[PDB]
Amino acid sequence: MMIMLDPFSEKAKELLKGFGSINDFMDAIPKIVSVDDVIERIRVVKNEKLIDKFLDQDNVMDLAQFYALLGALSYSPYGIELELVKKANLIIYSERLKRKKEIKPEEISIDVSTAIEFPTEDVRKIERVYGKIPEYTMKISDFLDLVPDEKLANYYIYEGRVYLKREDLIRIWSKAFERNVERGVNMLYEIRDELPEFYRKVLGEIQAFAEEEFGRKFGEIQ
(Lines of atoms letter the chains of each structure in order from A and count residues from 1; the text may use other names and numbers.)
(Lines give C-alpha, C1' and ligand atoms only; values in the text may rest on other atoms or scores of the structure.)
Protein backbone atom coordinates (compact mmCIF):
# COMPACT_ATOMS: atom_id res chain seq x y z
CA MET A 1 0.00 0.00 0.00
CA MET A 2 0.94 3.69 0.21
CA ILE A 3 0.95 4.37 3.94
CA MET A 4 3.69 6.18 5.87
CA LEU A 5 5.74 3.72 7.93
CA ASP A 6 8.83 5.90 8.39
CA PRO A 7 8.65 9.70 7.98
CA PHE A 8 12.36 9.67 7.14
CA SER A 9 12.15 7.02 4.37
CA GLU A 10 13.24 7.82 0.82
CA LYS A 11 9.52 7.79 0.03
CA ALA A 12 8.71 10.58 2.48
CA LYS A 13 11.93 12.35 1.46
CA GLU A 14 10.89 13.03 -2.14
CA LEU A 15 7.31 13.52 -0.97
CA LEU A 16 8.32 16.60 1.01
CA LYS A 17 11.06 17.48 -1.50
CA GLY A 18 8.17 18.55 -3.71
CA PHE A 19 7.21 21.62 -1.66
CA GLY A 20 10.67 22.93 -2.46
CA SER A 21 13.01 23.37 0.51
CA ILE A 22 12.53 22.37 4.13
CA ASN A 23 11.67 26.01 4.71
CA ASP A 24 9.08 26.18 1.93
CA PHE A 25 7.62 22.96 3.24
CA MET A 26 7.73 24.38 6.73
CA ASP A 27 5.70 27.44 5.67
CA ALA A 28 3.11 25.21 4.00
CA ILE A 29 2.50 22.97 7.00
CA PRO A 30 0.53 25.62 8.96
CA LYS A 31 -1.67 26.06 5.87
CA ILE A 32 -2.50 22.33 5.84
CA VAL A 33 -2.96 21.17 9.45
CA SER A 34 -4.42 22.95 12.46
CA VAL A 35 -2.95 22.84 15.94
CA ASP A 36 -5.77 20.82 17.47
CA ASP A 37 -5.06 18.39 14.64
CA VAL A 38 -1.42 17.94 15.63
CA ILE A 39 -2.04 17.61 19.36
CA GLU A 40 -4.64 15.05 18.29
CA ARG A 41 -1.69 12.90 17.24
CA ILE A 42 0.05 13.20 20.61
CA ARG A 43 -2.90 12.29 22.84
CA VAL A 44 -2.55 8.77 21.40
CA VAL A 45 -0.27 8.07 24.35
CA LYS A 46 -3.37 8.22 26.55
CA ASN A 47 -6.22 6.48 24.73
CA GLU A 48 -5.20 3.40 22.76
CA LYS A 49 -8.38 3.84 20.73
CA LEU A 50 -6.97 7.07 19.27
CA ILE A 51 -4.52 4.98 17.23
CA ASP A 52 -6.97 3.59 14.69
CA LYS A 53 -8.03 6.80 12.94
CA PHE A 54 -4.32 7.04 12.09
CA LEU A 55 -3.72 3.51 10.77
CA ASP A 56 -4.69 4.91 7.35
CA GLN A 57 -4.10 8.60 6.67
CA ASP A 58 -2.83 10.46 3.64
CA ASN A 59 0.96 10.53 3.71
CA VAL A 60 1.17 14.30 3.24
CA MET A 61 -1.14 14.81 6.21
CA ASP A 62 1.13 12.48 8.20
CA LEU A 63 4.36 14.22 7.23
CA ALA A 64 2.69 17.59 7.82
CA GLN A 65 1.38 16.64 11.27
CA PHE A 66 4.71 15.01 12.02
CA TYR A 67 7.01 17.82 10.84
CA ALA A 68 4.73 20.21 12.72
CA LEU A 69 5.51 18.50 16.02
CA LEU A 70 9.20 18.43 15.07
CA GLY A 71 9.22 22.16 14.37
CA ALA A 72 7.42 22.89 17.60
CA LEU A 73 10.38 21.20 19.29
CA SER A 74 13.11 23.28 17.66
CA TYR A 75 12.23 25.58 20.57
CA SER A 76 12.46 22.91 23.33
CA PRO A 77 14.70 19.97 22.11
CA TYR A 78 15.17 17.96 25.33
CA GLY A 79 12.37 17.50 27.85
CA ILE A 80 9.27 15.35 27.73
CA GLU A 81 8.16 17.25 24.66
CA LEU A 82 10.92 15.53 22.71
CA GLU A 83 10.01 12.46 24.78
CA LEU A 84 6.28 12.65 23.93
CA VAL A 85 6.74 13.41 20.22
CA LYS A 86 8.90 10.29 19.98
CA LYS A 87 6.53 8.08 21.96
CA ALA A 88 3.32 9.11 20.19
CA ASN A 89 4.68 8.84 16.67
CA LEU A 90 6.61 5.72 17.53
CA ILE A 91 3.22 4.12 18.34
CA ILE A 92 1.46 5.41 15.24
CA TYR A 93 4.35 4.14 13.07
CA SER A 94 5.02 0.83 14.87
CA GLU A 95 1.33 0.04 14.64
CA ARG A 96 1.08 0.61 10.90
CA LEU A 97 4.38 -1.18 10.51
CA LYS A 98 3.47 -4.33 12.43
CA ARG A 99 0.61 -4.84 10.02
CA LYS A 100 2.28 -4.64 6.62
CA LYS A 101 2.66 -7.57 4.21
CA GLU A 102 5.60 -6.70 1.97
CA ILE A 103 7.89 -3.83 3.01
CA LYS A 104 9.06 -1.77 0.03
CA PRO A 105 12.70 -0.72 0.46
CA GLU A 106 11.73 2.96 -0.12
CA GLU A 107 9.14 2.98 2.64
CA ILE A 108 11.65 2.32 5.42
CA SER A 109 14.88 4.23 6.17
CA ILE A 110 16.99 1.18 7.05
CA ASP A 111 17.81 -1.92 4.98
CA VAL A 112 15.01 -4.17 6.22
CA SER A 113 12.83 -6.57 4.26
CA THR A 114 10.47 -9.45 4.73
CA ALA A 115 11.77 -13.01 4.81
CA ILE A 116 9.54 -14.79 2.31
CA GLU A 117 11.34 -18.11 2.46
CA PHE A 118 13.34 -19.68 5.28
CA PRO A 119 16.13 -22.29 4.85
CA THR A 120 14.45 -25.70 5.24
CA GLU A 121 17.53 -27.08 6.95
CA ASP A 122 17.37 -24.95 10.11
CA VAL A 123 13.62 -24.56 10.63
CA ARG A 124 13.38 -26.94 13.58
CA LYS A 125 16.59 -25.84 15.34
CA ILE A 126 15.33 -22.26 15.21
CA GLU A 127 11.97 -23.22 16.75
CA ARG A 128 13.53 -25.46 19.43
CA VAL A 129 15.19 -22.19 20.49
CA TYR A 130 12.92 -19.25 19.62
CA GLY A 131 9.60 -20.99 19.08
CA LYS A 132 8.49 -19.16 15.91
CA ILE A 133 10.34 -18.39 12.64
CA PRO A 134 11.53 -14.81 12.19
CA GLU A 135 9.52 -12.92 9.55
CA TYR A 136 12.11 -10.29 8.65
CA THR A 137 15.76 -9.83 7.74
CA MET A 138 17.98 -6.77 7.96
CA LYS A 139 21.38 -5.65 6.74
CA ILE A 140 23.95 -6.82 9.25
CA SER A 141 25.78 -3.48 9.42
CA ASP A 142 22.55 -1.56 10.04
CA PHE A 143 21.97 -3.92 12.98
CA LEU A 144 25.46 -3.27 14.36
CA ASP A 145 24.87 0.45 13.93
CA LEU A 146 21.54 0.56 15.71
CA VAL A 147 22.00 -1.84 18.64
CA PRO A 148 25.72 -1.55 19.57
CA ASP A 149 25.45 -3.48 22.85
CA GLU A 150 23.76 -6.54 21.37
CA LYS A 151 25.43 -9.62 19.91
CA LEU A 152 24.86 -11.12 16.46
CA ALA A 153 25.68 -14.43 18.12
CA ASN A 154 22.14 -14.44 19.55
CA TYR A 155 20.41 -14.22 16.16
CA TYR A 156 20.11 -16.32 13.02
CA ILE A 157 22.14 -15.17 10.03
CA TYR A 158 21.71 -16.49 6.50
CA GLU A 159 22.78 -15.33 3.08
CA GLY A 160 24.49 -12.31 4.57
CA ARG A 161 21.56 -10.86 6.54
CA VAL A 162 20.21 -11.18 10.10
CA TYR A 163 16.75 -12.53 10.67
CA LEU A 164 14.46 -10.90 13.25
CA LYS A 165 11.12 -11.54 14.92
CA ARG A 166 8.54 -8.74 14.31
CA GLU A 167 9.17 -7.58 17.88
CA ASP A 168 12.91 -7.19 17.31
CA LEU A 169 12.37 -5.39 14.01
CA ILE A 170 10.27 -2.71 15.68
CA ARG A 171 12.50 -2.60 18.80
CA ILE A 172 15.53 -2.09 16.56
CA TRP A 173 13.91 0.23 14.05
CA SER A 174 12.80 2.37 17.02
CA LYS A 175 16.41 3.26 17.68
CA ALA A 176 16.75 4.49 14.11
CA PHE A 177 13.58 6.60 14.43
CA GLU A 178 14.50 8.21 17.76
CA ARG A 179 17.86 9.12 16.28
CA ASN A 180 16.20 10.61 13.23
CA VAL A 181 13.70 12.54 15.33
CA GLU A 182 16.74 14.12 16.92
CA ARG A 183 18.86 14.60 13.80
CA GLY A 184 15.79 16.34 12.38
CA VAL A 185 14.74 18.50 15.31
CA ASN A 186 18.21 20.01 15.51
CA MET A 187 18.47 20.69 11.77
CA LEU A 188 15.40 22.85 12.36
CA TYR A 189 17.08 24.97 15.01
CA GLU A 190 18.98 26.83 12.28
CA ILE A 191 15.82 28.31 10.78
CA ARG A 192 13.73 28.04 13.93
CA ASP A 193 13.44 31.82 13.61
CA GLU A 194 11.73 31.97 10.19
CA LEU A 195 8.99 29.77 11.60
CA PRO A 196 5.40 31.14 11.83
CA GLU A 197 3.50 31.86 15.05
CA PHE A 198 2.19 28.35 14.35
CA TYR A 199 5.09 26.16 15.51
CA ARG A 200 5.44 28.04 18.77
CA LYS A 201 1.71 27.56 19.47
CA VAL A 202 1.96 23.84 18.81
CA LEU A 203 4.80 23.73 21.30
CA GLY A 204 2.69 25.39 24.00
CA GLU A 205 -0.11 22.92 23.36
CA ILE A 206 2.23 19.96 23.92
CA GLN A 207 3.51 21.50 27.18
CA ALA A 208 -0.08 21.92 28.33
CA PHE A 209 -0.72 18.25 27.57
CA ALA A 210 2.29 16.98 29.54
CA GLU A 211 1.22 19.01 32.58
CA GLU A 212 -2.26 17.54 32.33
CA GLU A 213 -0.77 14.08 31.93
CA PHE A 214 1.69 14.58 34.80
CA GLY A 215 -0.66 16.52 37.03
CA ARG A 216 -3.14 13.67 36.76
CA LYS A 217 -0.97 10.62 37.47
CA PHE A 218 0.72 12.34 40.43
CA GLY A 219 -2.49 13.57 42.09
CA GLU A 220 -4.58 10.59 40.93
CA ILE A 221 -5.70 7.45 42.80
CA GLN A 222 -8.08 8.46 45.61
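Residue numbers run from 1 along the displayed sequence.
The deposited model assigns a higher average Cα B-factor to 211-219 than to the other stretch when 211-219 and 4-12 are compared. Averaged over CA atoms, B-factors in the entry run higher in 110-118 than in the other of 142-150 and 110-118. Highest C-alpha temperature factor among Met61, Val45, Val181, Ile157, as the PDB entry reports it: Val45. Ranking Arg171, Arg161, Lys49, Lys165 by the C-alpha B-factor listed in the PDB entry places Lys49 at the top. Ranked by Cα temperature factor within the chain, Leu69 sits in the lowest third according to the deposited record.
When all modelled residues of the chain are sorted by CA temperature factor, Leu82 is found within the middle third. Ranked by C-alpha B-factor against the other modelled residues of its chain, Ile103 falls in the middle third.
Looking at the C-alpha B-factors along this chain, the one for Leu90 belongs to the lowest third. In the deposited entry, the Cα temperature factor of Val38 places it in the middle third of its chain's modelled residues.
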